[PDB]
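*Asks:* The structure that follows is given in the form of structure tokens.
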Amino acid sequence: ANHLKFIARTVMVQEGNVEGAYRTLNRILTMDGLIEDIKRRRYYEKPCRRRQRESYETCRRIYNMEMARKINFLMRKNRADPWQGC
Amino acid sequence: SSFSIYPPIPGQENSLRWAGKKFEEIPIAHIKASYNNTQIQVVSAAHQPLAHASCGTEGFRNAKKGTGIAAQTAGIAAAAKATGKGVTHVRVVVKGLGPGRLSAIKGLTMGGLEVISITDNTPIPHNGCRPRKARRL
Amino acid sequence: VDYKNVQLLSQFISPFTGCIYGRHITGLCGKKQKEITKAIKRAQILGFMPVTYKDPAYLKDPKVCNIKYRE
Amino acid sequence: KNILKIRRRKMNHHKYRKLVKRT
Amino acid sequence: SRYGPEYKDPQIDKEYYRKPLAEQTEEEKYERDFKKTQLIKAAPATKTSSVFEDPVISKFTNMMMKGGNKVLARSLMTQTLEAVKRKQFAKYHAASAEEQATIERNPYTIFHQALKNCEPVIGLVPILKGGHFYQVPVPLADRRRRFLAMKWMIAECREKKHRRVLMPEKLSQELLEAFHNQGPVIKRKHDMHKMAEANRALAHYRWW
Amino acid sequence: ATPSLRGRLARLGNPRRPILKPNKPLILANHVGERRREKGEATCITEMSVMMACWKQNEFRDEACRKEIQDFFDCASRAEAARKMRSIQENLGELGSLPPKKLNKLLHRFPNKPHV
Amino acid sequence: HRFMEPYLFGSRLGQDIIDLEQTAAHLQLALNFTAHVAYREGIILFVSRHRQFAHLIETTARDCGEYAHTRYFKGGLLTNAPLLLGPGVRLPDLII
RNA sequence: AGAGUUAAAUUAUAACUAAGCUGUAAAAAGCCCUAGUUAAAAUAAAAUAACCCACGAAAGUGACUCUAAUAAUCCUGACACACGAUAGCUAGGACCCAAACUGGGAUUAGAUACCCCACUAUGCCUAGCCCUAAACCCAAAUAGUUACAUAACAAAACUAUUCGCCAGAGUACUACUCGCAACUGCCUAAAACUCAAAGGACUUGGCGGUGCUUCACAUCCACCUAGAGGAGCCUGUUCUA
Ligand SMILES: [Mg+2]
Ligand SMILES: [Mg+2]
Ligand SMILES: [Mg+2]
Ligand SMILES: [Mg+2]
Ligand SMILES: [Mg+2]
Ligand SMILES: [Mg+2]
Ligand SMILES: [Mg+2]
Ligand SMILES: [Mg+2]
Ligand SMILES: [Mg+2]
Ligand SMILES: [Mg+2]
Ligand SMILES: [Mg+2]
Ligand SMILES: [Mg+2]
Ligand SMILES: [Mg+2]
Ligand SMILES: [Mg+2]
Ligand SMILES: [Mg+2]
Ligand SMILES: [Mg+2]
Ligand SMILES: [Mg+2]
Ligand SMILES: [Mg+2]
Ligand SMILES: [Mg+2]
Ligand SMILES: [Mg+2]
Ligand SMILES: [Mg+2]
Ligand SMILES: [Mg+2]
Ligand SMILES: [Mg+2]
Ligand SMILES: [Mg+2]
Ligand SMILES: [Mg+2]
Ligand SMILES: [Mg+2]
Ligand SMILES: [Mg+2]
Ligand SMILES: [Mg+2]
Ligand SMILES: [Mg+2]
Ligand SMILES: [Mg+2]
């Protein structure tokens, strides 16, 4: 509002394909959480409720992170087995 | 071909024109896309309104005007009324998160109007006024 | 880290939004991530550095952070 | 499970508050 | 299903078997057909090698048939084709050289064209949402559309004729009226199209 | 890098106050979850709307606009072909990853030890 | 594993180095025992479930005139012997 | 704890432009002194950083700046002393926005609810009260050990020094007392009587208007064909007889 206009959350379209520009914008906003934030501010969410969410999210993230880590570590051993029909 | 996603700052020497105008001189298409309705207003760079079209203006009624189709129809209409007053290129400003966002944009293109830049200015409070309570107690 | 140089600060901001990046992006000792945050907010209110967007001048400086928007 | 205990107290208290209003 | 899934449908076309030597992939294909020691369902009584049979005419014949009467329905079809024919021969000799160049006398091409004109583009499916049944615009498969055409024809020329009036008469009438797009059948098609525009917003409820 | 687990959970030894309250214990399971099937949305809606405009304008005579009819048809064909052919390849190829069956087997070959 | 620490000579850069003096001490004893069981005409059963050496071990056993189980070990094989193997059976006198 | 300050929103208020705007699973009611854009004080609340885990005795504290500042040469300890979320009370000031209550609109058999719109007490500041919370990390403070050792579940098992508590379930966060700026209050806290259980954790079922996958092949929806439900008869039920 007091900032200069058009410098922010702005994407310029290339070779006239708009769908792509918009996609890029939406990716920018998804990445910075602006989208989730917008969506979550439609209604209010009482502090305890928010505390609970943050905690659940962080648990969830820890688990996904670690499972992923174990996948990428175990990934080598998916290769065809040498010892078949031993 | 060097193509910057970032717009052309005013103080810069930067030379790009669309029909001979600077990036600053191009008209602005404001689009407010809200959950029950989508409104569009094309305006001069100098902020004189050229054209206005909304899903209500387009003769949909209560729930139907929520949908994407409606939004697109408003887009086309807006662009017609706009090209009448002779605006070839327009910079989109999308305000709000709704069912009609993308649709009203590509309706602006469908309706024979050229979109150069598409900006999102959605109110994001940094915590001002408390929004209304949640649904289903 | 000094609130007075907006250049260094403006490195750890998102160009489009003006958000401050997390550790998992900037990759800083907790100490510095903190110093950076505090310095940023200080700058923003003393009127050195813009809040909602990364100042366009500093767009082409070196990119330290791990985020990729355009794919 | 435990709520059965709580529920009981809950009821008691309600009924009593009600009564203080009448009485 | 007195045929196991092993049994392939027969290919009745004579032209396919008569002139093989110019196509590689198809030679390979029917080579694999018979040489697979593949079982073939016995060719049905309806279908023939006849140079004269139109599968669309036969379908229509069937949809007209009540009970078990092919003889009667094939009668009514035959009579209807003959009736369109003679109606156009009547319209030909009372006309002038220009209109004698214009007017179509092939009852087959008339049948086909009259069905192509009467087939709907878009359609409606009921969808339950929030305890209400909304009618929603649905794109249709080809077969569904042809079906809708034929069924609408027959339903009208069964239902709306005066009891004195015979079937091949009314049917030839409606075939010729649908040839020129002014038939009541076509009005039905339009009622659908208009109901589909009235509801176009609801096109979002469709999830597929 | 994984978020820190030190000091987070409520335990007899921990000096401070809980940060996480996990709903179910944080122990890597020996299988992964099954991929969530994509929510469908309506297809061809744009071409439909264009055709409907063409009709409203030309008074619903089909002869008038053959292009939008034909293109709406073309599109519905591409949505049928899409529904048929995408199901199988989305159900097999995960791109850089493995089908959840193979992942589960791989994870049973090198399981987590909660016990001992 | 916790119970192994007495047998570790130590840990070199993260690897655990078993103490060979003790390995020799023990191995002498195991071999001694094995041998005396063999001399006394008793059944020896080599057991491993590791699929590299499975063939190697099955081979080895067949060459000593001793038995090998290298495969999946059925549930009640030792405890419920007479059902899995047969009506009356001898069970291994030693298992390696 | 003070004092000072404000970026993003939001709003009084004008200026253009448009007839609608708002609102839902869908509507209605409301508003058109409305809506979009451009300008904007006050008030209130503090995106991102935070995938951090710091400060405080606890309650609590995460916009910015400065001033003052975080007891004990560190054992336990009250009914004494000083604090103590939200709500609430008194008085004065504020009021963007939210909102018990209430009034409208739907919904429903009803709807004194859930859903929609308006608006109030109240949420804010100053001063004083009130002293309660699932004030729960349901895990007392201070030193320690990882020895012995699995009821179950949960956050593994234990020593020493202390203090506070607990003797079936109801009755009962009740009745009577004492004290208290509390006067529909807090605190303290019985008995008659009634029962032969009340509780805790688990197990297998069954169920679930719970979620995720996969299906239905005359089969639920989509769809196809012929019928029934209306007529006369035929024949069977129920009634009445
Ligand atoms: Mg509640
Ligand atoms: Mg009671
Ligand atoms: Mg502490
Ligand atoms: Mg739990
Ligand atoms: Mg401001
Ligand atoms: Mg005011
Ligand atoms: Mg009204
Ligand atoms: Mg803030
Ligand atoms: Mg201290
Ligand atoms: Mg003390
Ligand atoms: Mg208090
Ligand atoms: Mg108060
Ligand atoms: Mg007051
Ligand atoms: Mg008020
Ligand atoms: Mg309100
Ligand atoms: Mg009411
Ligand atoms: Mg004060
Ligand atoms: Mg608390
Ligand atoms: Mg307690
Ligand atoms: Mg104590
Ligand atoms: Mg006891
Ligand atoms: Mg008692
Ligand atoms: Mg109480
Ligand atoms: Mg009391
Ligand atoms: Mg007493
Ligand atoms: Mg059936
Ligand atoms: Mg009958
Ligand atoms: Mg009937
Ligand atoms: Mg009857
Ligand atoms: Mg009887």
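Chain labels run A, B, ... following the order of the structure tokens; each chain numbers its residues from 1, and ligands are numbered from 1 in the order shown.
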Select the residues contacting ligand 2 at a distance of at most 9 Å, based on only C-alpha atoms (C1' of nucleotides) and all ligand atoms, then format the selection as a list in words.
*Replies:*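 What falls inside 9 Å of ligand 2 is residues 8, 9, 10, 11, 12, 13 and 15 of chain D; 170 and 171 of chain H.
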*Asks:* Could those selected residues go to a file with C-alpha atoms (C1' of nucleotides), as a PDB file, in the first residue's frame?
*Replies:*
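Here's the written file part-v9.pdb:
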```pdb
ATOM      1  CA  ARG D   8     -21.399 -37.361  36.168  1.00  0.00           C
ATOM      2  CA  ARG D   9     -19.841 -34.345  37.872  1.00  0.00           C
ATOM      3  CA  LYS D  10     -20.758 -32.299  34.803  1.00  0.00           C
ATOM      4  CA  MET D  11     -24.413 -33.110  35.242  1.00  0.00           C
ATOM      5  CA  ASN D  12     -24.348 -32.554  39.003  1.00  0.00           C
ATOM      6  CA  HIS D  13     -22.859 -29.168  38.623  1.00  0.00           C
ATOM      7  CA  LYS D  15     -28.308 -29.152  37.880  1.00  0.00           C
TER       8      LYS D  15
ATOM      9  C1'   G H 170     -22.578 -43.202  44.991  1.00  0.00           C
ATOM     10  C1'   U H 171     -24.790 -39.107  48.002  1.00  0.00           C
TER      11        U H 171
END
```
*Asks:* Could I get the residue neighbourhood of ligand 17 at 10 Å, counting only C-alpha atoms (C1' of nucleotides) and all ligand atoms, as a PDB file with N, CA and C atoms (P, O5', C5', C4', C3', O3' and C1' of nucleotides), in the first residue's frame?
*Replies:*
```pdb
ATOM      1  P     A H   1       4.473  -6.853  32.381  1.00  0.00           P
ATOM      2  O5'   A H   1       4.993  -5.440  32.898  1.00  0.00           O
ATOM      3  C5'   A H   1       5.147  -5.194  34.288  1.00  0.00           C
ATOM      4  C4'   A H   1       5.638  -3.797  34.537  1.00  0.00           C
ATOM      5  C3'   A H   1       5.385  -2.835  33.405  1.00  0.00           C
ATOM      6  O3'   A H   1       4.048  -2.369  33.386  1.00  0.00           O
ATOM      7  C1'   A H   1       7.620  -2.639  34.064  1.00  0.00           C
ATOM      8  P     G H   2       3.601  -1.207  32.376  1.00  0.00           P
ATOM      9  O5'   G H   2       4.311   0.081  32.992  1.00  0.00           O
ATOM     10  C5'   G H   2       4.304   1.306  32.298  1.00  0.00           C
ATOM     11  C4'   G H   2       5.598   2.067  32.425  1.00  0.00           C
ATOM     12  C3'   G H   2       5.897   2.958  31.243  1.00  0.00           C
ATOM     13  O3'   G H   2       5.130   4.131  31.273  1.00  0.00           O
ATOM     14  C1'   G H   2       7.834   1.773  31.791  1.00  0.00           C
ATOM     15  P     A H   3       3.859   4.227  30.306  1.00  0.00           P
ATOM     16  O5'   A H   3       4.397   5.248  29.213  1.00  0.00           O
ATOM     17  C5'   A H   3       5.209   6.335  29.632  1.00  0.00           C
ATOM     18  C4'   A H   3       6.402   6.550  28.736  1.00  0.00           C
ATOM     19  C3'   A H   3       6.164   6.557  27.238  1.00  0.00           C
ATOM     20  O3'   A H   3       5.515   7.729  26.769  1.00  0.00           O
ATOM     21  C1'   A H   3       8.133   5.363  27.710  1.00  0.00           C
ATOM     22  P     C H 125      -4.814  -3.596  27.304  1.00  0.00           P
ATOM     23  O5'   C H 125      -4.813  -2.055  27.662  1.00  0.00           O
ATOM     24  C5'   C H 125      -4.170  -1.135  26.806  1.00  0.00           C
ATOM     25  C4'   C H 125      -4.458   0.261  27.248  1.00  0.00           C
ATOM     26  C3'   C H 125      -4.435   0.466  28.749  1.00  0.00           C
ATOM     27  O3'   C H 125      -3.125   0.650  29.256  1.00  0.00           O
ATOM     28  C1'   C H 125      -6.397   1.419  27.855  1.00  0.00           C
ATOM     29  P     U H 126      -2.727   0.029  30.683  1.00  0.00           P
ATOM     30  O5'   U H 126      -3.380   1.047  31.721  1.00  0.00           O
ATOM     31  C5'   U H 126      -3.027   2.421  31.670  1.00  0.00           C
ATOM     32  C4'   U H 126      -3.880   3.264  32.581  1.00  0.00           C
ATOM     33  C3'   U H 126      -4.108   2.722  33.977  1.00  0.00           C
ATOM     34  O3'   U H 126      -2.995   2.898  34.840  1.00  0.00           O
ATOM     35  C1'   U H 126      -6.154   3.496  33.094  1.00  0.00           C
TER      36        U H 126
END
```
*Asks:* Got a sec to pull out which chain B residues are within 6 Å of chain A, counting only C-alpha atoms, and send them as a list in words?
*Replies:*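 The selection requested is residues 5, 116, 117, 118, 119, 120, 131, 132, 133 and 134 of chain B.
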*Asks:* Show me which residues are within 9 Å of ligand 10 counting only C-alpha atoms (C1' of nucleotides) and all ligand atoms, and format the list as a list in words.
*Replies:* residues 75, 76, 77 and 141 of chain H
*Asks:* Tell me the residues of chain H close to chain D, meaning within 10 Å using only C-alpha atoms (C1' of nucleotides), as a ChimeraX atom specification.
*Replies:* /H:172-174,184,199-200
*Asks:* Of the candidates F:39, F:108, F:21, F:84, which one gets nearest to chain E if we count only C-alpha atoms?
*Replies:*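 Of F:39, F:108, F:21, F:84, the one nearest chain E, counting only C-alpha atoms, is F:39.
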*Asks:* If we count only C-alpha atoms (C1' of nucleotides) and set the cut-off at 8 Å, which residues sit around residue 109 (chain B), ignoring sequence neighbours fewer than 4 positions away in its own chain? Please answer as a list in words.
*Replies:*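 Close residues of residue 109 (chain B): residues 76, 79, 105, 113, 114 and 115 of chain B.
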*Asks:* May I ask for the distance between CA of residue 27 (chain B) and CA of residue 68 (chain B), given in Å to one decimal place?
*Replies:*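 CA of residue 68 (chain B) lies 24.1 Å from CA of residue 27 (chain B).
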*Asks:* Once you count only C-alpha atoms (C1' of nucleotides) and all ligand atoms, which residues end up within 12 Å of ligand 6, and could you hand them over as a VMD selection string?
*Replies:* chain H and resid 11 to 13 41 to 43 94 to 96
*Asks:* At a cut-off of 8 Å, using only C-alpha atoms (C1' of nucleotides), what residues contact region 116-119 of chain H? Leave out same-chain residues fewer than 6 positions from it and give the result as a PyMOL selection string.
*Replies:* chain H and resi 23-24+29-30+104-106
*Asks:* Restricting it to N, CA and C atoms (P, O5', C5', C4', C3', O3' and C1' of nucleotides), dump the selection as a PDB file, in the first residue's frame.
*Replies:*
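Saved as again-v4.pdb:
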```
ATOM      1  P     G H  23     -19.586 -12.787   1.002  1.00  0.00           P
ATOM      2  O5'   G H  23     -20.718 -13.884   1.271  1.00  0.00           O
ATOM      3  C5'   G H  23     -21.161 -14.167   2.589  1.00  0.00           C
ATOM      4  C4'   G H  23     -22.509 -14.826   2.590  1.00  0.00           C
ATOM      5  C3'   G H  23     -22.595 -16.176   1.900  1.00  0.00           C
ATOM      6  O3'   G H  23     -22.205 -17.237   2.734  1.00  0.00           O
ATOM      7  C1'   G H  23     -24.405 -14.819   1.225  1.00  0.00           C
ATOM      8  P     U H  24     -20.709 -17.782   2.675  1.00  0.00           P
ATOM      9  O5'   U H  24     -20.856 -19.294   3.135  1.00  0.00           O
ATOM     10  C5'   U H  24     -21.168 -20.294   2.183  1.00  0.00           C
ATOM     11  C4'   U H  24     -22.566 -20.829   2.362  1.00  0.00           C
ATOM     12  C3'   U H  24     -22.855 -22.108   1.594  1.00  0.00           C
ATOM     13  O3'   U H  24     -22.456 -23.248   2.329  1.00  0.00           O
ATOM     14  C1'   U H  24     -24.601 -20.545   1.223  1.00  0.00           C
ATOM     15  P     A H  29     -36.144 -12.674   0.288  1.00  0.00           P
ATOM     16  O5'   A H  29     -35.593 -12.012   1.636  1.00  0.00           O
ATOM     17  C5'   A H  29     -36.403 -11.914   2.804  1.00  0.00           C
ATOM     18  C4'   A H  29     -35.565 -11.803   4.058  1.00  0.00           C
ATOM     19  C3'   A H  29     -34.672 -10.574   4.149  1.00  0.00           C
ATOM     20  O3'   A H  29     -35.347  -9.418   4.610  1.00  0.00           O
ATOM     21  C1'   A H  29     -33.392 -12.492   4.636  1.00  0.00           C
ATOM     22  P     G H  30     -35.076  -7.996   3.908  1.00  0.00           P
ATOM     23  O5'   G H  30     -33.619  -7.585   4.394  1.00  0.00           O
ATOM     24  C5'   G H  30     -33.306  -7.450   5.772  1.00  0.00           C
ATOM     25  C4'   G H  30     -31.816  -7.329   5.960  1.00  0.00           C
ATOM     26  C3'   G H  30     -31.175  -6.189   5.186  1.00  0.00           C
ATOM     27  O3'   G H  30     -31.267  -4.945   5.864  1.00  0.00           O
ATOM     28  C1'   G H  30     -29.988  -8.179   4.741  1.00  0.00           C
ATOM     29  P     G H 104     -37.874 -12.054  15.595  1.00  0.00           P
ATOM     30  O5'   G H 104     -37.577 -11.388  14.193  1.00  0.00           O
ATOM     31  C5'   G H 104     -37.431 -12.187  13.051  1.00  0.00           C
ATOM     32  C4'   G H 104     -36.667 -11.469  11.986  1.00  0.00           C
ATOM     33  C3'   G H 104     -36.292 -12.358  10.826  1.00  0.00           C
ATOM     34  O3'   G H 104     -37.381 -12.596   9.952  1.00  0.00           O
ATOM     35  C1'   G H 104     -34.371 -11.249  11.536  1.00  0.00           C
ATOM     36  P     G H 105     -38.016 -14.073   9.859  1.00  0.00           P
ATOM     37  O5'   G H 105     -37.157 -14.724   8.695  1.00  0.00           O
ATOM     38  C5'   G H 105     -36.543 -13.872   7.741  1.00  0.00           C
ATOM     39  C4'   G H 105     -35.526 -14.600   6.915  1.00  0.00           C
ATOM     40  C3'   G H 105     -35.766 -16.081   6.755  1.00  0.00           C
ATOM     41  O3'   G H 105     -36.760 -16.342   5.787  1.00  0.00           O
ATOM     42  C1'   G H 105     -33.507 -15.702   7.257  1.00  0.00           C
ATOM     43  P     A H 106     -37.543 -17.742   5.783  1.00  0.00           P
ATOM     44  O5'   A H 106     -36.621 -18.669   4.885  1.00  0.00           O
ATOM     45  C5'   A H 106     -36.517 -20.053   5.147  1.00  0.00           C
ATOM     46  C4'   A H 106     -35.123 -20.541   4.886  1.00  0.00           C
ATOM     47  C3'   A H 106     -34.890 -22.014   5.210  1.00  0.00           C
ATOM     48  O3'   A H 106     -35.204 -22.868   4.116  1.00  0.00           O
ATOM     49  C1'   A H 106     -33.246 -20.695   6.283  1.00  0.00           C
TER      50        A H 106
END
```
*Asks:* List all protein, DNA and RNA residues that have any atom at most 12 Å from ligand 3, counting only C-alpha atoms (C1' of nucleotides) and all ligand atoms, and write the list as a ChimeraX atom specification.
*Replies:* /F:14-18 /H:53-58,60
*Asks:* Taking only C-alpha atoms into account, which of E:77, E:12, E:103, E:22 comes nearest residue 49 (chain E)?
*Replies:* E:12
*Asks:* With a distance cut-off of 12 Å and only C-alpha atoms (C1' of nucleotides), select the neighbouring residues of residue 82 (chain A), excluding the residue or stretch itself and same-chain residues fewer than 6 positions from it, and output the selection as a PyMOL selection string.
*Replies:* chain G and resi 51-53
*Asks:* For the selection you just gave me, I'd like the residues written to a file as a PDB file, in the first residue's frame, keeping N, CA and C atoms.
*Replies:*
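As a result, result_38.pdb now contains:
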```
ATOM      1  N   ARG G  51      22.352 -65.758   2.135  1.00  0.00           N
ATOM      2  CA  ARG G  51      22.431 -66.319   0.817  1.00  0.00           C
ATOM      3  C   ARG G  51      23.617 -65.691   0.157  1.00  0.00           C
ATOM      4  N   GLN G  52      24.757 -66.298   0.374  1.00  0.00           N
ATOM      5  CA  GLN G  52      25.912 -66.061  -0.429  1.00  0.00           C
ATOM      6  C   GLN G  52      26.480 -67.434  -0.352  1.00  0.00           C
ATOM      7  N   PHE G  53      26.757 -67.779   0.894  1.00  0.00           N
ATOM      8  CA  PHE G  53      27.466 -68.970   1.246  1.00  0.00           C
ATOM      9  C   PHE G  53      26.601 -70.205   1.334  1.00  0.00           C
TER      10      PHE G  53
END
```
*Asks:* I need the contact residues of chain C against chain F, so if you could list those with any atom within 12 Å, counting only C-alpha atoms, and return them as a list in words, that would help.
*Replies:*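 Taking only C-alpha atoms into account, residues 23, 24, 25 and 27 of chain C sit within 12 Å of chain F.
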*Asks:* Find the residues around region 82-88 of chain H up to 9 Å (only C-alpha atoms (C1' of nucleotides) counted), leave out those fewer than 2 positions away in its own chain, and share them as an NGL selection string.
*Replies:* :H and (58-60 or 130-131 or 133 or 135)
*Asks:* Quick one: residues within 10 Å of residue 49 (chain B), only C-alpha atoms (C1' of nucleotides) counted, chain neighbours fewer than 2 positions away excluded, as a PDB file with N, CA, C and O atoms (P, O5', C5', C4', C3', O3' and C1' of nucleotides), in the first residue's frame?
*Replies:*
```
ATOM      1  N   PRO B  27      -2.693  -0.220 -19.505  1.00  0.00           N
ATOM      2  CA  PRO B  27      -3.853  -0.321 -18.614  1.00  0.00           C
ATOM      3  C   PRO B  27      -3.800  -1.536 -17.672  1.00  0.00           C
ATOM      4  O   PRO B  27      -3.099  -2.519 -17.945  1.00  0.00           O
ATOM      5  N   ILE B  28      -4.549  -1.455 -16.573  1.00  0.00           N
ATOM      6  CA  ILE B  28      -4.571  -2.502 -15.550  1.00  0.00           C
ATOM      7  C   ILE B  28      -5.910  -3.209 -15.481  1.00  0.00           C
ATOM      8  O   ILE B  28      -6.949  -2.566 -15.376  1.00  0.00           O
ATOM      9  N   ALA B  29      -5.903  -4.530 -15.525  1.00  0.00           N
ATOM     10  CA  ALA B  29      -7.155  -5.240 -15.350  1.00  0.00           C
ATOM     11  C   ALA B  29      -7.230  -5.792 -13.942  1.00  0.00           C
ATOM     12  O   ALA B  29      -6.560  -6.766 -13.623  1.00  0.00           O
ATOM     13  N   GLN B  41     -12.434  -5.093 -13.438  1.00  0.00           N
ATOM     14  CA  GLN B  41     -12.457  -3.720 -13.872  1.00  0.00           C
ATOM     15  C   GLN B  41     -11.177  -3.353 -14.587  1.00  0.00           C
ATOM     16  O   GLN B  41     -10.101  -3.380 -13.996  1.00  0.00           O
ATOM     17  N   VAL B  42     -11.297  -2.996 -15.858  1.00  0.00           N
ATOM     18  CA  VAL B  42     -10.174  -2.494 -16.625  1.00  0.00           C
ATOM     19  C   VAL B  42     -10.055  -0.994 -16.477  1.00  0.00           C
ATOM     20  O   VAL B  42     -11.051  -0.268 -16.631  1.00  0.00           O
ATOM     21  N   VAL B  43      -8.833  -0.539 -16.196  1.00  0.00           N
ATOM     22  CA  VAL B  43      -8.552   0.851 -15.820  1.00  0.00           C
ATOM     23  C   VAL B  43      -7.334   1.454 -16.553  1.00  0.00           C
ATOM     24  O   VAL B  43      -6.414   0.731 -16.939  1.00  0.00           O
ATOM     25  N   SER B  44      -7.333   2.777 -16.739  1.00  0.00           N
ATOM     26  CA  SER B  44      -6.194   3.482 -17.331  1.00  0.00           C
ATOM     27  C   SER B  44      -4.983   3.328 -16.444  1.00  0.00           C
ATOM     28  O   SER B  44      -5.127   3.147 -15.235  1.00  0.00           O
ATOM     29  N   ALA B  45      -3.792   3.438 -17.025  1.00  0.00           N
ATOM     30  CA  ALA B  45      -2.582   3.576 -16.220  1.00  0.00           C
ATOM     31  C   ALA B  45      -2.741   4.722 -15.209  1.00  0.00           C
ATOM     32  O   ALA B  45      -2.216   4.667 -14.100  1.00  0.00           O
ATOM     33  N   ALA B  46      -3.503   5.740 -15.599  1.00  0.00           N
ATOM     34  CA  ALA B  46      -3.712   6.937 -14.789  1.00  0.00           C
ATOM     35  C   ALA B  46      -4.892   6.764 -13.833  1.00  0.00           C
ATOM     36  O   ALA B  46      -5.308   7.717 -13.162  1.00  0.00           O
ATOM     37  N   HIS B  47      -5.428   5.545 -13.799  1.00  0.00           N
ATOM     38  CA  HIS B  47      -6.581   5.187 -12.966  1.00  0.00           C
ATOM     39  C   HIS B  47      -7.863   5.939 -13.331  1.00  0.00           C
ATOM     40  O   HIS B  47      -8.507   6.537 -12.468  1.00  0.00           O
ATOM     41  N   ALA B  51     -13.630  -0.002 -18.188  1.00  0.00           N
ATOM     42  CA  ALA B  51     -14.664  -1.021 -18.383  1.00  0.00           C
ATOM     43  C   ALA B  51     -14.931  -1.828 -17.117  1.00  0.00           C
ATOM     44  O   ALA B  51     -13.999  -2.143 -16.379  1.00  0.00           O
ATOM     45  N   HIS B  52     -16.181  -2.204 -16.868  1.00  0.00           N
ATOM     46  CA  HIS B  52     -16.450  -3.037 -15.706  1.00  0.00           C
ATOM     47  C   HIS B  52     -17.365  -4.189 -16.025  1.00  0.00           C
ATOM     48  O   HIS B  52     -18.436  -3.993 -16.590  1.00  0.00           O
ATOM     49  N   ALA B  82     -13.791  -3.363 -23.220  1.00  0.00           N
ATOM     50  CA  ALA B  82     -12.473  -2.759 -23.140  1.00  0.00           C
ATOM     51  C   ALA B  82     -11.885  -2.441 -24.512  1.00  0.00           C
ATOM     52  O   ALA B  82     -11.412  -1.328 -24.742  1.00  0.00           O
TER      53      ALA B  82
ATOM     54  P     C H  16     -16.858  12.780  -9.286  1.00  0.00           P
ATOM     55  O5'   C H  16     -16.282  12.341 -10.707  1.00  0.00           O
ATOM     56  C5'   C H  16     -16.758  11.184 -11.371  1.00  0.00           C
ATOM     57  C4'   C H  16     -15.633  10.243 -11.720  1.00  0.00           C
ATOM     58  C3'   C H  16     -16.074   8.897 -12.265  1.00  0.00           C
ATOM     59  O3'   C H  16     -16.416   8.942 -13.631  1.00  0.00           O
ATOM     60  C1'   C H  16     -14.483   8.541 -10.575  1.00  0.00           C
ATOM     61  P     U H  17     -17.962   8.983 -14.050  1.00  0.00           P
ATOM     62  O5'   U H  17     -18.274   7.477 -14.442  1.00  0.00           O
ATOM     63  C5'   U H  17     -17.380   6.778 -15.283  1.00  0.00           C
ATOM     64  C4'   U H  17     -17.159   5.372 -14.805  1.00  0.00           C
ATOM     65  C3'   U H  17     -18.400   4.519 -14.668  1.00  0.00           C
ATOM     66  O3'   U H  17     -18.895   4.047 -15.906  1.00  0.00           O
ATOM     67  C1'   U H  17     -17.031   4.218 -12.779  1.00  0.00           C
ATOM     68  P     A H  18     -20.483   3.974 -16.141  1.00  0.00           P
ATOM     69  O5'   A H  18     -20.905   2.586 -15.473  1.00  0.00           O
ATOM     70  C5'   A H  18     -20.251   1.373 -15.837  1.00  0.00           C
ATOM     71  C4'   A H  18     -20.554   0.253 -14.867  1.00  0.00           C
ATOM     72  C3'   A H  18     -22.029  -0.025 -14.617  1.00  0.00           C
ATOM     73  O3'   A H  18     -22.582  -0.878 -15.605  1.00  0.00           O
ATOM     74  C1'   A H  18     -20.878   0.093 -12.549  1.00  0.00           C
ATOM     75  P     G H  36     -15.530  -3.878  -3.118  1.00  0.00           P
ATOM     76  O5'   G H  36     -14.833  -3.606  -4.522  1.00  0.00           O
ATOM     77  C5'   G H  36     -14.747  -4.618  -5.514  1.00  0.00           C
ATOM     78  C4'   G H  36     -14.223  -4.042  -6.803  1.00  0.00           C
ATOM     79  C3'   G H  36     -13.033  -3.103  -6.662  1.00  0.00           C
ATOM     80  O3'   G H  36     -11.784  -3.769  -6.559  1.00  0.00           O
ATOM     81  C1'   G H  36     -14.670  -2.062  -7.986  1.00  0.00           C
ATOM     82  P     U H  37     -10.624  -3.145  -5.632  1.00  0.00           P
ATOM     83  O5'   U H  37     -10.096  -1.885  -6.454  1.00  0.00           O
ATOM     84  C5'   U H  37      -9.500  -2.041  -7.734  1.00  0.00           C
ATOM     85  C4'   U H  37      -9.313  -0.709  -8.411  1.00  0.00           C
ATOM     86  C3'   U H  37      -8.517   0.323  -7.633  1.00  0.00           C
ATOM     87  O3'   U H  37      -7.113   0.126  -7.737  1.00  0.00           O
ATOM     88  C1'   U H  37     -10.471   1.326  -8.501  1.00  0.00           C
TER      89        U H  37
END
```
